[PDB]
Structures are given as structure tokens and as C-alpha cells.
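K.L.:
Build me a model from this:
(chains A and B, ligands or ions: 2)
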Amino acid sequence: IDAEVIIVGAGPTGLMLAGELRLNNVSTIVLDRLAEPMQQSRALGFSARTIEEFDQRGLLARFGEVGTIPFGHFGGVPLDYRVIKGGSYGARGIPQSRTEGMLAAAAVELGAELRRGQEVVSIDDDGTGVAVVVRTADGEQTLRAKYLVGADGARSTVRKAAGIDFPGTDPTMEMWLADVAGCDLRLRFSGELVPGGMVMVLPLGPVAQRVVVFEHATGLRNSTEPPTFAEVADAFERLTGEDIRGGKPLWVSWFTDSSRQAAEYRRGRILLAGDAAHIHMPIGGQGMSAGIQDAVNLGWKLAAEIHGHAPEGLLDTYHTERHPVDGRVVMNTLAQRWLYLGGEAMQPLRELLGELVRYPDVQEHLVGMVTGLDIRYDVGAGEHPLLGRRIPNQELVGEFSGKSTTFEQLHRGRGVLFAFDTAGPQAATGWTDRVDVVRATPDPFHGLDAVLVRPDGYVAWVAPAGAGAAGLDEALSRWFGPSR
Amino acid sequence: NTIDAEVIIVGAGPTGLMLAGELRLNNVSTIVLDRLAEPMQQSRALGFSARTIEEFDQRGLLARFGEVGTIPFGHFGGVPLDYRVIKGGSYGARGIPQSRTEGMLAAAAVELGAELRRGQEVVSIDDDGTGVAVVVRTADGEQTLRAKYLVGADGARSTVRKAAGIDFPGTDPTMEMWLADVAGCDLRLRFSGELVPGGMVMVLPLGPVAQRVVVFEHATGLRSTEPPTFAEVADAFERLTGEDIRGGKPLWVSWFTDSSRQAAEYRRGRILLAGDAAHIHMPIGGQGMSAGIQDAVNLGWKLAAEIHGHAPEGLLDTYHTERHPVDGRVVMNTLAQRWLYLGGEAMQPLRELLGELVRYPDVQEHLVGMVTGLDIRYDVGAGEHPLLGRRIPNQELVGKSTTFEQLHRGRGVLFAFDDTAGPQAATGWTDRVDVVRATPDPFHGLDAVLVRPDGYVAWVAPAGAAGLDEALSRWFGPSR
Ligand SMILES: Cc1cc2nc3c(=O)[nH]c(=O)nc-3n(C[C@H](O)[C@H](O)[C@H](O)COP(=O)(O)OP(=O)(O)OC[C@H]3O[C@@H](n4cnc5c(N)ncnc54)[C@H](O)[C@@H]3O)c2cc1C
Ligand SMILES: Cc1cc2nc3c(=O)[nH]c(=O)nc-3n(C[C@H](O)[C@H](O)[C@H](O)COP(=O)(O)OP(=O)(O)OC[C@H]3O[C@@H](n4cnc5c(N)ncnc54)[C@H](O)[C@@H]3O)c2cc1C
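P.N.:
Residues are numbered from 1 along each chain as shown, chains lettered A, B, ... in the order given. Ligands and ions are numbered 1, 2, ... in the order given. The coordinates are given below.
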């Protein structure tokens, strides 16, 4: 074999999973047909949960200073995204090229091999390994790994070759974007309803803006080619009366509300993640972000599989955990698409939702969906609010400096038993090779003595104040496998 | 110039007749005109809202009806709800056809001295700023009638609204439902409404041998201004269910659309609007007639106080400012429900989202509040106590009485829960506000509640007479 894992696609999903696999000491090869990274950026940010999953690995610092957007919308209804702890509408002004730039740098630094101008054309799972035919410039070759991951986009070669179904809804509309320098346009970050449709203006840097247009009168073009700048500028003008034709065009692109999901995330030793497993209309943080969550869910599970300590069922929890969460992103984006872009027909449902966001528990629910901070995985019985949820980022007073954080302690990408009493640290000794013990004092941890976290950050087990390792052995064995 | 009465109401529908009752309770001379020779035989509505029950019970109008049964559960655009989440709440009154409502309202109104004149069509209106002249077409030729105020309670196509020049903005119809009342078929009942391939079907009970068949198909769109024929409906019911009702007795055929419009102004000078003349929307449950009844109960005491020369400056102008937004929320919520319930597969993501949101108590209560009329809160000025601007709940008093039993005269009431501070302050207001010394957890921590003649709380005393003179003057006018 050329590597224990081959990843098809060096977008954010593939490069993030490359990072997680190298943290696990899984030898990995990343393939991409593109000779060069895409120069233009589709996403301009990523979600609050995606901020936390970068920060969890110390990747967020590699951007430098990253600022967040406090306010946003759901289906055109304004919302303060600070109403859940750590919540925002997403990272501000981090273009997708910068994001892929950072994740490749981290993956190559950690030993992932990146090979560009390599198109996968055929895959073969025999049930002891996976083989891939790759078209280079030099000719054709055959690479081999224990597991193949398709992170290869909306038209996933791997998904098709694997025979997995991509069911959902058909495009009912398009939006067009033009990137234009020198127009000095007034921003419209959430978009803005106007007679005839909707306009967004997003910043790109001091002298360029992205204009985004939707028109009720348009009109699926039923083309595979982008609209022209002239066409986008005509749309912008009918919508706002503003003329961008004097500007310098930098890019033109488009997207639709085609909303699909892979019926299976895993067939044998073939796995799917990111846009290969789900497409939907992009809204602000939503699109790339769940691909990063997919990769962070998969990596440690695929690695425990390959290292032979995978408990019975662990790699099957990739599908049962991520399929329903990615489906909810698909659903919420479709609901917002109709609320926001459905014209006067849908005004009553916008006014109704506008009324309902007066209730805290409604603002928290909508912010939770969009940020990715509401994710709760099935980790068996127990009713502690923290159980099955993201571990939040908290200052930890311990030995270490004499100060650290909970997120600093996940850089290694290992399981972690935070001990806030020796009982838990003592039962964990079976699992030192897979779980780190951190003794430090941190409120979501209020009446708690210990928290066990899977390597993705999600709480597998707590100890209320008094209990020792009451449930810990069962917990350790479910997610990390047999004691040594 | 001699006037025929202080108020002429155009329309003897439930809105007109409720208004006539309220005006007579305020001793306003009232003529009600209707072009129809008798009340409509066929019943459009088969009930009314939890708040409409209360406003009938508020006047002792629920006694020749007997016992009013309620529906404990309902839906919001398909999504099931328990409507008892609010105290006093329900999906509305069970099995009371509109004909029975109109008979009861006509009874109380003519009893109380309102003059109801049938075969009288209003064809012309002139408001010269001192009164309003109405040209009436009768079988005995034409007459001119004159009043101080004219109220259009004259339905969806208000003669009065157009003659007053008042815009009726809103949405055009996008669909039609068809109904047919059929005796003898003994159909399976479909109370809530039931989605089937190609549309939706209701079958409601009318009595032992009669059932109402309601029909909508995504394929019919819009067609004309005539009703559909019984055959067009029976055909539709077979396309939707396969069942054949063509061997039953046709009793009635009709239809309604999702046309959703609201009068831009509830008042222009000496012309006011109420009920369907002020708002139409697709009828869902007790929604349609119910808001007209709340309109009448908001307006009556206000238009009386204006005519009798004691209105606070601005009192009658609160008819528009209170009722326009509230009736707005009915038009909005019912359109919302029409797109959730009947919007098809493209609306499934929104059905799923609202499915998720209703698991929160406060969104259940919000939706149940909207639909029942129990959420209504009027601007009554400063104060954060939860009762202010809301309906007074029906409570037991102490030999013993009810808060509602005290509202039958349709006057303001000072509910004094031992003190004589409030009742002394109200001495100047005794001609319009009645003092009830009686003891009644919604009133907990209160020594007194002041209530407008419509049942809405204008002021409360925490444990004396602190601002009662301000509240009395605002709602009931200058002291004697
Ligand atoms: C116009 C537009 C605007 C968008 N806006 C947003 C936004 O605002 N926010 C947001 O979160 N998301 C947005 N998205 C979506 C977002 O870009 C995606 O969710 C994200 O790119 C997913 O990354 P991925 O790595 O999963 O897939 P991709 O980034 O598509 O990566 C797939 C990679 O696989 C490679 N590949 C494919 N097939 C093969 C093969 N056979 N052999 C080798 N290599 C192969 C391709 O070269 C490509 O590099 C937008 C998309 C569009 C089109
Ligand atoms: C098929 C159907 C089903 C419905 N189902 C329900 C339901 O289930 N629940 C619900 O709450 N509501 C329902 N509604 C609506 C409900 O019937 C109305 O909201 C209610 O009748 C309005 O009362 P109103 O007094 O405001 O108007 P109307 O009842 O329309 O009364 C208006 C009156 O004015 C008279 N008039 C009009 N113009 C003139 C004129 N120029 N001169 C003299 N008289 C005039 C007419 O004769 C008429 O009697 C339904 C309506 C329809 C059509």
C-alpha cells in the first residue's frame, strides 16, 4: 500500500481530515486533479463550531487574528447570535482559499502527502484494502490504501463509483455573484429584500465587494456556465438602480438551492465527507462548516478502525451521528431559502417567525442550528445537559504556565479525561495510549468532578460531584476500545 | 336636521348584531339595515373562538344557547396543538352553526331596543361632517335615512368601505376550497382536515343524517364568481377519496378562497368599519366571524362615549389603533397556516422547523394565543403587571358572584378586592363605572382592577388609588 488512507479531494474537508489522520499517526495521501488550489473563494467565513474545531487543534491561531460577526438572520429574521455561549454568525473575512491554504500547510507540516494534478477515475474495495486508478500528466498509476475517503465535492467521483445514492430536491432557483473592485458599494451582509428579489453586498477587502442577486422573474438558465458580469450588473441594476459596469470585474459565479445528501456515508472501506455527502444552498457560515465537522467526526474513528482498538460499531457511528446532523443543515437552509426568497407569498411566514424570535428558547434554537453549537450525539443513558455535547472552551488552573484551556488540551487530537479524587484518573490507566488525563480546576461544569471527551471534543461521560469512575470503564470501552 | 337614529349599522350579520347589542347597552339609538329579507338559512361558520365564547358570556348571551361545548385540541397549519395550554383556551365552540349565532344575536339586540330593518339595501352614503345620509332601496321605493355615525358591518364587499373611499389592500386569491352539505351518505368524518394524493378533504358532522364535505385540489387553481355545481364537487371528492356522494341529498354548495385583505382605515370621520367589511382571510377554525365580534365589542362603548359628548379626546381613534393590528395578526396567521398546511413538498422543510419549534411551551402558547384571541394586549400606558391591557379572566367572587356576571350591563367596572381609596376616587365616574366590592392565581397581589366596558384591564392597584383618576379620565372621560 502507498498509505493507510487515501483522501480524494484537497478542499477544506479533505485537508482537515488529513490533519486529523496525521494527528492519529495514520499515513495519508491527499489527491486532487487541480494543478493549483482554486484562486477564487466560495465561502467568505465558517461557523462558530468550525472556529472551535480549528482552535481545538491550534489551527485557528495560524490565520492570525480571527474576528466574529455578532448579528445575523434566519430566513431574513434578524437574530443576535451571541445568545448561546461561544455563538456568532461566523468567522469574519476568512476567504475559503485562506482556509484551504491554512489546512494544507498544517497537513503537510504533520506528514500528510499532497499530490496535485491527480484525477481519480476508478476505485476498487476488495474487502482487505482499496485501490484507485489515478490519471497524472506522466501517464496512469494505481495507488492502494486500507481505506478510501471521497472528499471530492458535489459531483463526487467516489460517491458514484461506490454506487451510493444522492437523493434530494432539484434546483428551483439560482443566485449570481459578481466580484467587482472600485465601486465603493454600501454593504448588505444578510441580504436585503427589494421589489423583484434580494441583493447582498459583502466586503472582499478595502476596494472590492461581492454582489449577490436573486430575481423572482429569473429563471433557471439551465446552463452549466456562469452568467456573465454584464448579466449580473443588469440584475443588480434592476434590483437597486445602482450601476457597477464602471467597476473592475474580478469574478462571476452562481449557486442554486439543490439540496441533496448521500444515502450512506460508508460502504465497506469507502467513506464520504463534506460536499460529497451533502449539498444545499450556502448561507453565511453554512456549507463548508459541516464538512469540517464531518472530517473531525471521522478521522479518530477511521484511525481506531485501522489501529485495531475500534470498539464494535465505532466507525458505523460516523453515519448515524453525521447523517442526521448534515440533514438538519440541509433542512434549515431550505426553510430559510423559502422564508427569505419566497416573495410576498412567504411574507406571512416571515412575520410569524419574526414574532416567535421574541422568545429566548426560539432564538437559542435557531442560533444553535446554524452555529453547530446545538449538536448532541447519542452517548447512551444519562441526562446531564453536557452529555453528548461540545465541551466548551474554559480557562483551566493546573500545573502545565499555571493556566491553560480545555481547547488547548485537544491540540494532540487524543481523548481527554479532565479531572477537576483519583478514581477516574485511576480507571483511565488502561487507556493512557488513547486518553490523556488532565488534572486542573475550571458554569457548564458547575456540580461536576470529571468530564471524559472523545477526540472530536464531544462529552462521552461526566462524573457528578461525589461519583468516582462510576460509569467511566463502560464509557472508555464504548468510544476508545479495550483496556491494555 | 332630524336624524332617524344616533347610529345606522349597514349589515345584520353577527358583527352588525353584536354591535347593535353593545350600542343599546350604552343607550345609543340604533337602526340596523340588511338587504336580505331574512337571515341567511345556511351556516358558513360552525363555531367561534375561545375569546368570542367569553365575550358572549361577558353579556350573559350564553343561556338560550344552553351549554357551549369546546374542542380541546386543534392544529396550526397542520401542526397539532393542545389549545388548553392557555387558561380558558380551546380550538373554539363545538357544532354551533352561524345561523344559531345570528338568531341569538338578533334576539338580544331587538330585545334591547335596536331596530332591525330587512329588504333595505344601502346604495349611497354622504358624510358632511355633522352626520351621515344613507340612500336605502326597499320594495316600497327609496328613502333617505340620517344618523350621527354610520358603521359598515356589511361584509367582504362592503358598500360602506367603497363609498367611504377606504382601501382594502392585501393578497389576491391563489386557491379555492369547495364545500357541499349532503344528507344520507353516512361518510367517515375527517374533522381536522386530511391530506390525500392531489389535495385535501374535510368531512364535518352537521347532525344525525347531514355532513359537510370540504374539498381542495392542487390542480383546480382558480376558475369565476359563481359557486361550483354539486356535480363539480362530487367529482372532486371522488378524485380525492374515490367515495361517491352523488346518491345523497344536496342541501347546499359553496366555496371560499385564501383572499386576505384588510381595510387601511377603520374610521374615516363619521364612518367606521367592522367584521368582514374590515378584514377577510381564509376561514380556519373559529377564525373569521370571531374577530368581527371582538371588533363590535371594542367599538360599541367607544362610539357611544363619543356620541354622548363625554369621550376622552382620542377614545374613538383607539378603535383603529387597537383592532387594525389585532385583525392584522388573524389575516397573517391564517395565510401562514394555508401555506404550511397546503403548500406541498417545497414547504416540508418549514413544516419540520415549526415541528421543532412547537416543542417549546412559549411557542405553543404564542400560536394558541393568536388563534383563540386570548393573547390580545391593548396599549393602556405605563405598567409591567401581566394583567394590564389584557382581558379580565372569569373568576369567582365573594354572597358570591363572577367577574363576568358583573360585565352584563356593559359598563366599566372597578373591582375593589376592604379599602375605600379606589371607590372614593371613582365617585366622579359613577355614571359610567360601577364599583364592585368583592374578594377573589391571576389577581394575587392586587387590591383592585379597573376594567373597560369590553372586559380589558385599563389599570390595577398593587397592595391604593395610585393613578386611577388618570385611568378613568383616559378611558371614560371628565369627572362629573
Ligand atoms: C458560489 C458558491 C458560494 C458558496 N458560498 C458558501 C458560503 O458562503 N459558505 C459556505 O459555508 N459554503 C459556501 N459554499 C459551499 C462550500 O464552498 C462547500 O461546502 C465547500 O467547498 C466544501 O468543501 P469540500 O472540501 O467538502 O468540497 P470541495 O471544496 O468542492 O473539494 C472537492 C475537491 O475534490 C477535487 N476532486 C473532485 N473529483 C476529483 C477526482 N476524481 N480526482 C481528484 N480530485 C478530485 C476537486 O478538484 C476539489 O478540489 C459555496 C459554494 C458556491 C459554489
Ligand atoms: C364558505 C365559508 C365558510 C366559512 N367558515 C367559517 C368558519 O368556519 N369560521 C369562521 O369563524 N368564519 C367562517 N367564515 C366567515 C364568516 O362567515 C364571516 O367571518 C362572518 O359572517 C362575518 O360576519 P359579518 O357580520 O362581518 O359579515 P357578513 O356575515 O357577510 O354580514 C354582512 C351582511 O351585510 C349585508 N349587506 C351587504 N351589503 C349591504 C348593503 N349595501 N345594504 C344592506 N345590507 C348589506 C348582507 O346582507 C349581509 O347579511 C366562512 C365564510 C364562508 C364564505
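K.L.:
Torsion angles phi and psi at the nearest residue to residue A:310 once chain neighbours are set aside?
P.N.:
The shortest distance from residue A:310 to any non-neighbouring residue, by C-beta to C-beta, 6 or more residues apart in numbering or on different chains, is to residue A:304 (4.3 Å). In this view, the C-beta of every residue, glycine as well, is placed from N, C-alpha and C. Main-chain dihedrals, residue A:304, degrees, to the nearest 10: phi -70, psi -40.
K.L.:
hey, where'd the strands end up in the stretch 51-200 of chain A?
P.N.:
A:68-69, A:71-74, A:77-80, A:90-91, A:113-116, A:119-125, A:130-135, A:140-145, A:147-150, A:168-169, A:174-181, A:188-194, A:197-205 (DSSP state E, counting those that start in this stretch).
K.L.:
Buried residues, the last one. List them.
P.N.:
Just to be clear, that refers to strand A:197-205. By 16 or more other C-beta atoms under 10 Å in any protein chain shown, the buried positions in strand A:197-205 come out as A:197-202, A:204.
K.L.:
So which of the residues you listed is the closest to ligand 1?
P.N.:
residue A:202 (8.6 Å; C-beta to the nearest ligand atom).
K.L.:
Next, work out how far apart the closest one and residue A:189 are.
P.N.:
Relative to residue A:189, residue A:202 is positioned 6 Å away (C-beta to C-beta, to the nearest Å).
K.L.:
again, but for residue A:115
P.N.:
Here residue A:115 is placed at a distance of 38 Å from residue A:189 (C-beta to C-beta).
K.L.:
how about stretch A:129-142, does it reach ligand 1?
P.N.:
No: where contact is defined by C-beta under 6 Å from any ligand atom, no part of stretch A:129-142 touches ligand 1; the two come within 7.5 Å at best.
K.L.:
Pull the CA coordinates from that stretch and hand them back as CSV.
P.N.:
Only the C-alpha atoms of stretch A:129-142 are listed here, as CSV (Å, rounded to 0.1, in the frame of the first residue of the first chain):
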residue,chain,number,x,y,z
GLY,A,129,-7.8,-2.8,1.0
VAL,A,130,-8.9,-0.2,-1.5
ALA,A,131,-7.2,0.6,-4.9
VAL,A,132,-7.6,3.7,-7.1
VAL,A,133,-6.7,4.3,-10.8
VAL,A,134,-5.2,7.9,-11.0
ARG,A,135,-4.6,9.9,-14.2
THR,A,136,-1.5,12.1,-13.9
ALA,A,137,0.4,14.0,-16.7
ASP,A,138,3.1,11.3,-16.7
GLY,A,139,0.5,8.6,-17.6
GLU,A,140,-1.7,6.4,-15.3
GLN,A,141,-0.9,4.7,-12.0
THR,A,142,-2.6,2.6,-9.2
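K.L.:
which SSE is whichever residue of the stretch 201-350 of chain A sits closest to ligand 2 in?
P.N.:
Among the residues of the stretch 201-350 of chain A, residue A:348 lies nearest to ligand 2; the distance is 18.3 Å by C-beta to the nearest ligand atom. Secondary structure assignment for residue A:348, by DSSP states H and E: helix A:347-356.
K.L.:
Return the set of buried residues in that helix.
P.N.:
Burial within helix A:347-356, assessed by neighbour count using 16+ other C-beta under 10 Å, is assigned to A:347-353, A:355-356.
K.L.:
Please put the alpha-carbon coordinates of that helix into PDB.
P.N.:
Output for helix A:347-356, consisting of C-alpha atoms alone and laid out as PDB, is shown next (Å, rounded to 0.1, in the frame of the first residue of the first chain):
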ATOM      1  CA  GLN A 347     -44.200  37.300   4.000                       C
ATOM      2  CA  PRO A 348     -46.800  35.900   6.400                       C
ATOM      3  CA  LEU A 349     -44.400  33.100   7.500                       C
ATOM      4  CA  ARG A 350     -41.500  35.700   7.900                       C
ATOM      5  CA  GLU A 351     -43.800  37.900  10.000                       C
ATOM      6  CA  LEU A 352     -44.800  34.800  12.100                       C
ATOM      7  CA  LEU A 353     -41.200  33.800  12.600                       C
ATOM      8  CA  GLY A 354     -40.300  37.400  13.400                       C
ATOM      9  CA  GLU A 355     -42.900  37.300  16.300                       C
ATOM     10  CA  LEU A 356     -41.600  33.900  17.600                       C
END
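K.L.:
Cool, thanks, talk later.
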